[PDB]
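What follows is one structure encoded as structure tokens, with my remarks underneath.
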Amino acid sequence: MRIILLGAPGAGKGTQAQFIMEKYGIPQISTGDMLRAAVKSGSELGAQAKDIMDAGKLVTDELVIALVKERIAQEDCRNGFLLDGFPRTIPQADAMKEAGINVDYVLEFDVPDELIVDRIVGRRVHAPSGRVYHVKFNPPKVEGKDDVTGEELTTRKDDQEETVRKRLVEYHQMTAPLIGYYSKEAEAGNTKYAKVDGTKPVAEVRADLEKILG
Ligand SMILES: Nc1ncnc2c1ncn2[C@@H]1O[C@H](COP(=O)(O)OP(=O)(O)OP(=O)(O)OP(=O)(O)OP(=O)(O)OC[C@H]2O[C@@H](n3cnc4c(N)ncnc43)[C@H](O)[C@@H]2O)[C@@H](O)[C@H]1O
Ligand code: NA
């Protein structure tokens with residue numbers, strides 16, 4: 001099974017990706033996690049993304065296309081994979097089509113703009129896994145600690161209100177057009193397309209997604 005998740009910043013994609021990976025046994029390919037890991041380790045491929053991400057802007061198409069082509073060439077992707085944050089522009093989507101990469105489901109998370117800031121300013125993350133929490137809406141079992149490993153959670157440097165506002169403007173200009181792109185692909189028989197109400201509680205969104213995916 002191959003899946004793409006679409007939606008605005010803070011819509012809940014990373015939260016739901018963890019449940020899909022577990023139930024269907026496929027790896028997640030998260031371009032944001034890969035870029036943040038490259039910055040932390042100083043990797044030649046991606047470490048220069050630091051200043052762009054902290055400004056709330058998208059990194060270049062060529063850099064993230066190379067990161068994804070390297071990741072999915074690997075062996076855990078022979079049974080499928082889940083794309084979370086890629087594609088982010090029409091040229092990234094066209095690059096996947098031209099490479100012959102087709103998917104089975106495109107899942108859109110619908111969330112009103114007015115909810116995004118307060119979701120992101122309360123976000124706390126376990127950087128080694130990509131797992132995510134919220135101090136008010138979805139907290140860990142022990143404050144400040146990852147549920148699965150118990151290790152200390154951190155706050156992302158780009159998760160302040162003014163950066164989030166810039167990311168949303170960028171989303172509307174560059175990324176929202178992918179809803180139409182994959183709606184058109186689904187009408188041609190090339191994938192299934194479905195939308196979920198991302199304002200429901202975490203456990204209900206999970207249940208709605210399981211009904212779609214079977
Ligand atoms: N392909 C690409 N091309 C170019 N540049 C790229 C790129 N990919 C990455 N980049 C670069 O990386 C930067 C950051 O990108 P990115 O890493 O993708 O971060 P983002 O834009 O800020 O938004 P997310 O996708 O991380 O949010 P989400 O939909 O996953 O929701 P979440 O589960 O976290 O949940 C949000 C919060 O709400 C909480 N929450 C989740 N679900 C619910 C719920 N149902 N009810 C209440 N609260 C909830 C969560 O606990 C959490 O605290 C970009 O600006 C760009 O520079
Ligand atoms: Na397909």
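By order of appearance in the structure tokens: chains A, B, ..., then residues from 1 within every chain, and ligands from 1 in the order shown.
Contacts with ligand 2 are defined as any residue atom within 12 Å of a ligand atom, using only C-alpha atoms and all ligand atoms; the residues meeting this criterion are residues 1, 2, 3, 4, 80, 97, 100, 101, 102, 103, 104, 105, 106, 182, 185, 186, 187, 188, 189, 190, 191, 192 and 193 of chain A.
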- Message: Using DSSP secondary structure from the backbone, list all helix (DSSP H, G or I) positions within stretch 13-81 of chain A, as a PyMOL selection string.
- Response: chain A and resi 13-24+31-41+47-54+61-72+75-77
- Determine which residues of chain A receive a DSSP assignment of strand (DSSP E), computed from the backbone, and state them as a ChimeraX atom specification. /A:2-7,28-30,81-84,105-110,123-126,131-134,192-197
Writing out the chosen residues with N, CA, C and O atoms as a short mmCIF file (atom, residue, chain, number, x, y, z; two decimals), in the first residue's frame:
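Wrote part.cif, looks like this:
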```cif
data_model
loop_
_atom_site.label_atom_id
_atom_site.label_comp_id
_atom_site.auth_asym_id
_atom_site.auth_seq_id
_atom_site.Cartn_x
_atom_site.Cartn_y
_atom_site.Cartn_z
N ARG A 2 0.53 2.23 -0.86
CA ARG A 2 1.23 3.51 -0.95
C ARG A 2 0.23 4.64 -0.72
O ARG A 2 -0.81 4.69 -1.39
N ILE A 3 0.56 5.56 0.20
CA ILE A 3 -0.36 6.61 0.63
C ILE A 3 0.34 7.96 0.64
O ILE A 3 1.49 8.06 1.06
N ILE A 4 -0.38 9.01 0.22
CA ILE A 4 0.03 10.41 0.38
C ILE A 4 -0.93 11.10 1.35
O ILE A 4 -2.15 10.97 1.22
N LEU A 5 -0.38 11.86 2.30
CA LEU A 5 -1.19 12.71 3.18
C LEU A 5 -1.09 14.18 2.75
O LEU A 5 0.02 14.71 2.62
N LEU A 6 -2.24 14.83 2.56
CA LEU A 6 -2.30 16.25 2.20
C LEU A 6 -3.01 17.06 3.28
O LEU A 6 -3.95 16.57 3.90
N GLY A 7 -2.63 18.33 3.43
CA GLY A 7 -3.27 19.22 4.39
C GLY A 7 -2.37 20.36 4.83
O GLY A 7 -1.15 20.32 4.71
N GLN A 28 7.29 5.40 7.03
CA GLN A 28 6.95 6.79 6.76
C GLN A 28 8.12 7.49 6.10
O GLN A 28 9.28 7.28 6.47
N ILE A 29 7.88 8.34 5.09
CA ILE A 29 8.93 9.16 4.46
C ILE A 29 8.47 10.60 4.73
O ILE A 29 7.54 11.04 4.10
N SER A 30 9.04 11.27 5.72
CA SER A 30 8.68 12.61 6.16
C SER A 30 9.82 13.55 5.78
O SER A 30 10.91 13.45 6.34
N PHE A 81 4.71 2.40 1.21
CA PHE A 81 5.25 3.51 1.99
C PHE A 81 4.19 4.59 2.15
O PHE A 81 3.18 4.61 1.43
N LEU A 82 4.43 5.47 3.12
CA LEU A 82 3.55 6.59 3.45
C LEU A 82 4.31 7.90 3.32
O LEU A 82 5.32 8.10 4.00
N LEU A 83 3.82 8.79 2.46
CA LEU A 83 4.46 10.07 2.18
C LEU A 83 3.78 11.15 3.00
O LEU A 83 2.56 11.33 2.91
N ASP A 84 4.57 11.87 3.82
CA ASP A 84 4.07 12.84 4.79
C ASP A 84 4.87 14.13 4.69
O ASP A 84 5.92 14.26 5.33
N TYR A 105 -3.81 5.65 -2.34
CA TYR A 105 -4.71 6.57 -1.66
C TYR A 105 -4.06 7.94 -1.47
O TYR A 105 -2.87 8.02 -1.14
N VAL A 106 -4.85 9.00 -1.65
CA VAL A 106 -4.49 10.36 -1.26
C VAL A 106 -5.54 10.81 -0.24
O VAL A 106 -6.74 10.81 -0.55
N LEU A 107 -5.10 11.18 0.97
CA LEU A 107 -5.96 11.48 2.11
C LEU A 107 -5.77 12.94 2.53
O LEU A 107 -4.67 13.32 2.96
N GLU A 108 -6.83 13.74 2.43
CA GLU A 108 -6.82 15.18 2.73
C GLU A 108 -7.41 15.44 4.11
O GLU A 108 -8.53 15.01 4.41
N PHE A 109 -6.65 16.16 4.95
CA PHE A 109 -7.07 16.57 6.29
C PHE A 109 -7.61 18.00 6.22
O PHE A 109 -6.87 18.94 5.91
N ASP A 110 -8.91 18.16 6.51
CA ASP A 110 -9.58 19.45 6.44
C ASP A 110 -9.63 20.07 7.83
O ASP A 110 -10.26 19.52 8.73
N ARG A 123 2.90 22.39 20.38
CA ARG A 123 3.48 21.13 19.92
C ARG A 123 4.81 20.82 20.60
O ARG A 123 5.67 21.69 20.76
N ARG A 124 4.97 19.55 20.99
CA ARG A 124 6.21 18.99 21.54
C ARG A 124 6.52 17.69 20.80
O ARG A 124 5.61 16.92 20.49
N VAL A 125 7.81 17.43 20.54
CA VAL A 125 8.23 16.40 19.59
C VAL A 125 9.34 15.53 20.17
O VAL A 125 10.13 15.98 21.00
N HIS A 126 9.36 14.26 19.74
CA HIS A 126 10.43 13.30 20.03
C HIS A 126 11.25 13.18 18.74
O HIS A 126 10.88 12.44 17.83
N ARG A 131 7.64 11.27 16.53
CA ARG A 131 6.37 11.30 17.25
C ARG A 131 6.09 12.70 17.79
O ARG A 131 7.01 13.43 18.19
N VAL A 132 4.80 13.08 17.82
CA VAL A 132 4.36 14.43 18.18
C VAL A 132 3.25 14.41 19.23
O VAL A 132 2.41 13.51 19.26
N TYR A 133 3.23 15.45 20.09
CA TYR A 133 2.28 15.62 21.19
C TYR A 133 1.79 17.07 21.25
O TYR A 133 2.36 17.95 20.60
N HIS A 134 0.77 17.33 22.07
CA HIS A 134 0.32 18.71 22.34
C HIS A 134 0.05 18.90 23.83
O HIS A 134 -0.66 18.10 24.44
N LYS A 192 -7.17 6.42 -5.32
CA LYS A 192 -8.36 6.83 -4.57
C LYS A 192 -8.08 8.14 -3.84
O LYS A 192 -6.94 8.44 -3.47
N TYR A 193 -9.13 8.96 -3.68
CA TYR A 193 -9.06 10.25 -2.99
C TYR A 193 -10.14 10.30 -1.92
O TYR A 193 -11.29 9.98 -2.21
N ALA A 194 -9.78 10.72 -0.70
CA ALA A 194 -10.75 10.86 0.37
C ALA A 194 -10.37 12.03 1.27
O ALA A 194 -9.20 12.39 1.38
N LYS A 195 -11.37 12.62 1.92
CA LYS A 195 -11.15 13.75 2.83
C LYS A 195 -11.67 13.38 4.21
O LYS A 195 -12.67 12.68 4.35
N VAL A 196 -10.96 13.84 5.25
CA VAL A 196 -11.41 13.62 6.62
C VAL A 196 -11.52 14.96 7.35
O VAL A 196 -10.86 15.94 7.01
N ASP A 197 -12.38 14.98 8.38
CA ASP A 197 -12.57 16.14 9.25
C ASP A 197 -11.52 16.09 10.35
O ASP A 197 -11.66 15.38 11.35
#
```
- Item | Shell of 10 Å around residue A:137, only C-alpha atoms, local chain residues under 6 positions omitted, as number ranges by chain | A: 118-119, 122-123, 201-202
- Message: What does the list of residues within 7 Å of ligand 1 look like if you count only C-alpha atoms and all ligand atoms, written as a PyMOL selection string?
- Response: chain A and resi 7-16+31-33+35+52-53+56-61+64+85-89+119-120+122-124+132-134+137-138+159+164+167+198-202+205
With N, CA and C atoms retained, export the selected residues as a short mmCIF file (atom, residue, chain, number, x, y, z; two decimals), in the first residue's frame.
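To be explicit, this is the file written out as selection25.cif:
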```cif
data_model
loop_
_atom_site.label_atom_id
_atom_site.label_comp_id
_atom_site.auth_asym_id
_atom_site.auth_seq_id
_atom_site.Cartn_x
_atom_site.Cartn_y
_atom_site.Cartn_z
N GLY A 7 -2.63 18.33 3.43
CA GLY A 7 -3.27 19.22 4.39
C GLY A 7 -2.37 20.36 4.83
N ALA A 8 -3.01 21.39 5.39
CA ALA A 8 -2.29 22.58 5.84
C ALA A 8 -1.38 22.28 7.03
N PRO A 9 -0.45 23.19 7.34
CA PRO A 9 0.37 23.03 8.55
C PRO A 9 -0.50 22.82 9.78
N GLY A 10 -0.12 21.85 10.61
CA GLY A 10 -0.83 21.58 11.85
C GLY A 10 -2.14 20.83 11.71
N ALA A 11 -2.44 20.27 10.53
CA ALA A 11 -3.70 19.59 10.31
C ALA A 11 -3.81 18.24 11.03
N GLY A 12 -2.69 17.65 11.45
CA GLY A 12 -2.70 16.36 12.13
C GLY A 12 -2.12 15.18 11.36
N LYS A 13 -1.40 15.44 10.26
CA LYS A 13 -0.89 14.38 9.39
C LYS A 13 0.15 13.51 10.09
N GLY A 14 1.13 14.13 10.75
CA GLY A 14 2.14 13.35 11.44
C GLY A 14 1.58 12.52 12.57
N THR A 15 0.58 13.05 13.28
CA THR A 15 -0.06 12.30 14.36
C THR A 15 -0.70 11.03 13.82
N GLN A 16 -1.44 11.13 12.71
CA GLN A 16 -2.13 9.95 12.18
C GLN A 16 -1.20 9.01 11.43
N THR A 31 9.57 14.45 4.82
CA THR A 31 10.64 15.33 4.36
C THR A 31 11.08 16.30 5.46
N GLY A 32 10.16 16.74 6.32
CA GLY A 32 10.54 17.62 7.41
C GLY A 32 11.43 16.94 8.44
N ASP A 33 11.10 15.69 8.79
CA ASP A 33 11.96 14.94 9.70
C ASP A 33 13.34 14.71 9.09
N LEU A 35 14.92 16.58 6.82
CA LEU A 35 15.67 17.84 6.78
C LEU A 35 16.17 18.23 8.18
N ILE A 52 16.36 28.48 5.92
CA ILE A 52 15.12 28.54 5.15
C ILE A 52 13.94 28.09 6.00
N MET A 53 14.10 26.97 6.72
CA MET A 53 13.05 26.46 7.59
C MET A 53 12.74 27.44 8.72
N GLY A 56 10.29 30.09 7.73
CA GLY A 56 8.95 29.70 7.32
C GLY A 56 8.76 29.48 5.83
N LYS A 57 9.84 29.36 5.06
CA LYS A 57 9.79 29.21 3.61
C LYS A 57 10.04 27.76 3.21
N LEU A 58 9.59 27.41 2.01
CA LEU A 58 9.87 26.09 1.46
C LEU A 58 11.31 25.98 0.98
N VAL A 59 11.95 24.83 1.23
CA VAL A 59 13.26 24.53 0.64
C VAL A 59 13.09 24.17 -0.84
N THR A 60 14.19 24.22 -1.60
CA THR A 60 14.11 23.99 -3.04
C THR A 60 13.58 22.59 -3.38
N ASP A 61 12.89 22.50 -4.53
CA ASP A 61 12.36 21.23 -5.07
C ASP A 61 13.53 20.27 -5.29
N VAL A 64 14.72 18.44 -1.94
CA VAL A 64 13.83 17.43 -1.35
C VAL A 64 13.56 16.27 -2.31
N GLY A 85 4.38 15.09 3.91
CA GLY A 85 5.07 16.35 3.66
C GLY A 85 5.64 16.49 2.26
N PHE A 86 5.63 15.41 1.46
CA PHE A 86 6.01 15.34 0.06
C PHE A 86 4.89 14.62 -0.68
N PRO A 87 4.52 15.07 -1.90
CA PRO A 87 4.98 16.30 -2.56
C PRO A 87 4.39 17.55 -1.89
N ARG A 88 5.08 18.69 -2.03
CA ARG A 88 4.68 19.97 -1.46
C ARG A 88 4.42 21.05 -2.52
N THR A 89 4.76 20.79 -3.78
CA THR A 89 4.56 21.70 -4.92
C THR A 89 4.15 20.85 -6.12
N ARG A 119 -2.57 25.09 17.76
CA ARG A 119 -2.03 23.74 17.63
C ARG A 119 -0.50 23.76 17.62
N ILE A 120 0.09 24.62 16.78
CA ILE A 120 1.54 24.54 16.61
C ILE A 120 2.30 25.14 17.80
N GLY A 122 1.66 24.86 20.90
CA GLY A 122 1.69 23.84 21.94
C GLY A 122 2.31 22.51 21.56
N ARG A 123 2.90 22.39 20.38
CA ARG A 123 3.48 21.13 19.92
C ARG A 123 4.81 20.82 20.60
N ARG A 124 4.97 19.55 20.99
CA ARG A 124 6.21 18.99 21.54
C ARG A 124 6.52 17.69 20.80
N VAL A 132 4.80 13.08 17.82
CA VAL A 132 4.36 14.43 18.18
C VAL A 132 3.25 14.41 19.23
N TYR A 133 3.23 15.45 20.09
CA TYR A 133 2.28 15.62 21.19
C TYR A 133 1.79 17.07 21.25
N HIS A 134 0.77 17.33 22.07
CA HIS A 134 0.32 18.71 22.34
C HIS A 134 0.05 18.90 23.83
N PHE A 137 -4.05 19.59 24.01
CA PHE A 137 -5.00 18.80 23.24
C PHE A 137 -4.65 17.32 23.10
N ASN A 138 -3.37 16.93 23.27
CA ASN A 138 -2.94 15.54 23.10
C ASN A 138 -1.64 15.27 23.86
N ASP A 159 8.39 26.73 15.45
CA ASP A 159 6.99 26.59 15.84
C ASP A 159 6.44 27.81 16.60
N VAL A 164 4.58 30.37 11.78
CA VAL A 164 3.42 29.60 11.37
C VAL A 164 2.57 30.40 10.39
N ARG A 167 4.21 30.21 7.02
CA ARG A 167 4.04 28.88 6.43
C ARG A 167 2.66 28.72 5.81
N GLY A 198 -10.46 16.87 10.18
CA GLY A 198 -9.36 16.86 11.12
C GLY A 198 -9.60 17.58 12.42
N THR A 199 -10.79 18.16 12.64
CA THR A 199 -11.12 18.76 13.93
C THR A 199 -11.70 17.77 14.94
N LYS A 200 -12.03 16.54 14.52
CA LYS A 200 -12.49 15.55 15.48
C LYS A 200 -11.35 15.14 16.41
N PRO A 201 -11.66 14.57 17.57
CA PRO A 201 -10.60 14.06 18.45
C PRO A 201 -9.70 13.06 17.74
N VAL A 202 -8.45 12.97 18.22
CA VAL A 202 -7.44 12.11 17.59
C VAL A 202 -7.97 10.70 17.34
N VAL A 205 -10.55 10.58 14.32
CA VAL A 205 -9.88 10.70 13.03
C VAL A 205 -9.24 9.36 12.66
#
```
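Here the question is which of A:183, A:129, A:149, A:155 gets nearest to residue A:37 using only C-alpha atoms, and that residue is A:129.
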- Message: Show me, as a PyMOL selection string, the residues that have an atom within 10 Å of residue A:79 when counting only C-alpha atoms, minus same-chain residues fewer than 2 positions from it.
- Response: chain A and resi 1-2+24-27+75-77+81
